[PDB]
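What follows is the content of work03.cif, which has mmCIF, C-alpha atoms; chains and numbers go by the auth columns:
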data_model
loop_
_atom_site.group_PDB
_atom_site.id
_atom_site.type_symbol
_atom_site.label_atom_id
_atom_site.label_comp_id
_atom_site.label_asym_id
_atom_site.label_seq_id
_atom_site.Cartn_x
_atom_site.Cartn_y
_atom_site.Cartn_z
_atom_site.B_iso_or_equiv
_atom_site.auth_seq_id
_atom_site.auth_asym_id
ATOM 1 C CA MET A 1 114.544 87.417 96.050 0.00 1 A
ATOM 2 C CA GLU A 2 113.029 87.560 92.540 0.00 2 A
ATOM 3 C CA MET A 3 109.765 86.073 91.212 0.00 3 A
ATOM 4 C CA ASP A 4 108.956 84.860 87.664 0.00 4 A
ATOM 5 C CA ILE A 5 105.163 84.875 87.139 0.00 5 A
ATOM 6 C CA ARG A 6 104.346 83.321 83.740 0.00 6 A
ATOM 7 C CA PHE A 7 100.795 84.022 82.479 0.00 7 A
ATOM 8 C CA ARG A 8 99.584 81.781 79.622 0.00 8 A
ATOM 9 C CA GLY A 9 96.130 82.389 78.095 0.00 9 A
ATOM 10 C CA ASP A 10 93.923 82.422 74.983 0.00 10 A
ATOM 11 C CA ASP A 11 92.926 86.108 74.496 0.00 11 A
ATOM 12 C CA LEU A 12 95.309 89.113 74.765 0.00 12 A
ATOM 13 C CA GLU A 13 93.060 90.972 77.244 0.00 13 A
ATOM 14 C CA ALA A 14 93.734 88.166 79.759 0.00 14 A
ATOM 15 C CA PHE A 15 97.447 89.115 79.639 0.00 15 A
ATOM 16 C CA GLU A 16 96.689 92.869 79.555 0.00 16 A
ATOM 17 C CA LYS A 17 94.430 92.987 82.643 0.00 17 A
ATOM 18 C CA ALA A 18 96.423 90.416 84.691 0.00 18 A
ATOM 19 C CA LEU A 19 99.764 92.167 83.992 0.00 19 A
ATOM 20 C CA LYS A 20 98.265 95.616 84.661 0.00 20 A
ATOM 21 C CA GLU A 21 96.883 94.469 88.049 0.00 21 A
ATOM 22 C CA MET A 22 100.339 93.140 89.008 0.00 22 A
ATOM 23 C CA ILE A 23 101.936 96.493 88.037 0.00 23 A
ATOM 24 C CA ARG A 24 99.030 98.268 89.810 0.00 24 A
ATOM 25 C CA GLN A 25 99.984 96.952 93.292 0.00 25 A
ATOM 26 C CA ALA A 26 103.701 96.385 92.516 0.00 26 A
ATOM 27 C CA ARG A 27 104.203 100.179 92.250 0.00 27 A
ATOM 28 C CA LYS A 28 103.524 100.397 96.023 0.00 28 A
ATOM 29 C CA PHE A 29 106.513 98.072 96.623 0.00 29 A
ATOM 30 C CA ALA A 30 110.231 98.720 95.956 0.00 30 A
ATOM 31 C CA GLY A 31 110.371 95.974 93.303 0.00 31 A
ATOM 32 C CA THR A 32 111.220 96.294 89.591 0.00 32 A
ATOM 33 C CA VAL A 33 108.611 94.637 87.326 0.00 33 A
ATOM 34 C CA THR A 34 110.063 93.200 84.087 0.00 34 A
ATOM 35 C CA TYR A 35 108.313 90.928 81.541 0.00 35 A
ATOM 36 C CA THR A 36 108.825 89.166 78.184 0.00 36 A
ATOM 37 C CA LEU A 37 105.994 87.983 75.889 0.00 37 A
ATOM 38 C CA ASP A 38 107.269 84.906 73.995 0.00 38 A
ATOM 39 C CA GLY A 39 104.639 83.441 71.638 0.00 39 A
ATOM 40 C CA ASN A 40 101.743 82.573 73.971 0.00 40 A
ATOM 41 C CA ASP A 41 103.340 83.040 77.418 0.00 41 A
ATOM 42 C CA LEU A 42 104.111 86.214 79.416 0.00 42 A
ATOM 43 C CA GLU A 43 107.128 85.728 81.713 0.00 43 A
ATOM 44 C CA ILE A 44 106.963 88.475 84.382 0.00 44 A
ATOM 45 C CA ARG A 45 110.138 88.805 86.506 0.00 45 A
ATOM 46 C CA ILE A 46 109.606 91.013 89.575 0.00 46 A
ATOM 47 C CA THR A 47 113.047 91.841 91.037 0.00 47 A
ATOM 48 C CA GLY A 48 113.285 92.605 94.771 0.00 48 A
ATOM 49 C CA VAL A 49 110.264 91.241 96.678 0.00 49 A
ATOM 50 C CA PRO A 50 109.980 90.361 100.433 0.00 50 A
ATOM 51 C CA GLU A 51 108.629 86.921 101.487 0.00 51 A
ATOM 52 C CA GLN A 52 105.602 88.517 103.234 0.00 52 A
ATOM 53 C CA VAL A 53 104.426 90.211 99.998 0.00 53 A
ATOM 54 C CA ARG A 54 105.447 87.129 97.949 0.00 54 A
ATOM 55 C CA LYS A 55 102.337 85.445 99.412 0.00 55 A
ATOM 56 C CA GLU A 56 99.965 88.284 98.419 0.00 56 A
ATOM 57 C CA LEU A 57 101.324 88.589 94.843 0.00 57 A
ATOM 58 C CA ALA A 58 101.436 84.804 94.262 0.00 58 A
ATOM 59 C CA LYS A 59 97.882 84.360 95.569 0.00 59 A
ATOM 60 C CA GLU A 60 96.473 87.179 93.401 0.00 60 A
ATOM 61 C CA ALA A 61 98.218 85.523 90.425 0.00 61 A
ATOM 62 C CA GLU A 62 96.033 82.484 91.251 0.00 62 A
ATOM 63 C CA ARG A 63 92.994 84.810 91.517 0.00 63 A
ATOM 64 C CA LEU A 64 93.729 86.294 88.052 0.00 64 A
ATOM 65 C CA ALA A 65 94.161 82.810 86.526 0.00 65 A
ATOM 66 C CA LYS A 66 90.775 81.905 88.072 0.00 66 A
ATOM 67 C CA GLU A 67 88.663 84.851 86.776 0.00 67 A
ATOM 68 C CA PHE A 68 90.377 84.565 83.354 0.00 68 A
ATOM 69 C CA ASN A 69 90.470 80.716 83.579 0.00 69 A
ATOM 70 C CA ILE A 70 93.999 81.019 82.098 0.00 70 A
ATOM 71 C CA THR A 71 97.235 79.202 83.050 0.00 71 A
ATOM 72 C CA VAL A 72 99.666 80.639 85.639 0.00 72 A
ATOM 73 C CA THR A 73 103.130 79.326 86.612 0.00 73 A
ATOM 74 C CA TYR A 74 105.284 81.256 89.110 0.00 74 A
ATOM 75 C CA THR A 75 108.925 80.366 89.917 0.00 75 A
ATOM 76 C CA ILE A 76 110.231 81.803 93.213 0.00 76 A
ATOM 77 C CA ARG A 77 113.917 82.777 92.797 0.00 77 A
ATOM 78 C CA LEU A 78 115.417 81.836 96.185 0.00 78 A
ATOM 79 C CA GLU A 79 118.364 83.788 97.629 0.00 79 A
ATOM 80 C CA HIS A 80 121.097 81.117 97.879 0.00 80 A
ATOM 81 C CA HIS A 81 124.668 80.644 99.166 0.00 81 A
ATOM 82 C CA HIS A 82 127.033 77.631 99.018 0.00 82 A
ATOM 83 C CA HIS A 83 127.439 77.133 102.804 0.00 83 A
ATOM 84 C CA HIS A 84 130.600 75.825 104.518 0.00 84 A
ATOM 85 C CA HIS A 85 128.984 73.924 107.440 0.00 85 A
#

Show how you would write the structure in this file as structure tokens.
Amino acid sequence: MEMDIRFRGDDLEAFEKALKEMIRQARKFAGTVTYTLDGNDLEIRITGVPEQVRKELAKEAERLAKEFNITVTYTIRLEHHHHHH
């Protein structure tokens, strides 16, 4: 299960601190943190996260967007499979 956390803000420091806090905790988990900064939007794709930690990371993303008053949009990449029955 992957997670795309897109931070969108006004000043660069908002991206810097928010991203660095994500990396800060993410190092404790076996998940690869990737990100792309396109114009004014930082798309952070964390590859390999468990649903229990998904809550903690997603909620701190909210927390970051609150203290920085910036925009945050996170797409949860669900593990899927075209079932038979």

Pick from A:26, A:83, A:74, A:68: nearest to residue A:13, with only C-alpha atoms counted?
->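 For residue A:13, the nearest of the candidates is A:68.
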
Check which residues satisfy the PyMOL selection byres ((chain A and resi 76-78) around 12) in the file shown, then give them as a PyMOL selection string.
-> chain A and resi 1-6+44-51+54-55+57-58+73-75+79-81

If you keep C-alpha atoms, can you produce a file of those selected residues as a compact mmCIF listing (two decimals), in the coordinates of the input?
# COMPACT_ATOMS: atom_id res chain seq x y z
CA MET A 1 114.54 87.42 96.05
CA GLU A 2 113.03 87.56 92.54
CA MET A 3 109.76 86.07 91.21
CA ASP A 4 108.96 84.86 87.66
CA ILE A 5 105.16 84.88 87.14
CA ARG A 6 104.35 83.32 83.74
CA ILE A 44 106.96 88.48 84.38
CA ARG A 45 110.14 88.80 86.51
CA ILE A 46 109.61 91.01 89.58
CA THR A 47 113.05 91.84 91.04
CA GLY A 48 113.28 92.60 94.77
CA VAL A 49 110.26 91.24 96.68
CA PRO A 50 109.98 90.36 100.43
CA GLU A 51 108.63 86.92 101.49
CA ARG A 54 105.45 87.13 97.95
CA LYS A 55 102.34 85.44 99.41
CA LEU A 57 101.32 88.59 94.84
CA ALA A 58 101.44 84.80 94.26
CA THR A 73 103.13 79.33 86.61
CA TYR A 74 105.28 81.26 89.11
CA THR A 75 108.92 80.37 89.92
CA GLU A 79 118.36 83.79 97.63
CA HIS A 80 121.10 81.12 97.88
CA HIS A 81 124.67 80.64 99.17

Hits from the PyMOL selection byres ((chain A and resi 15) around 12), listed as number ranges by chain | A: 5-14, 16-22, 35-37, 40-44, 61, 64-65, 68-72

Specify the axis-aligned box that encloses all atoms of stretch 23-42 of chain A listed in the file after padding of 3 Å on each side, stating its centre and edge lengths in Å to one decimal as JSON.
{"center_x": 105.1, "center_y": 91.5, "center_z": 84.1, "size_x": 18.2, "size_y": 23.8, "size_z": 31.0}

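The coordinates place atom CA of residue A:25 at 10.1 Å from atom CA of residue A:56.
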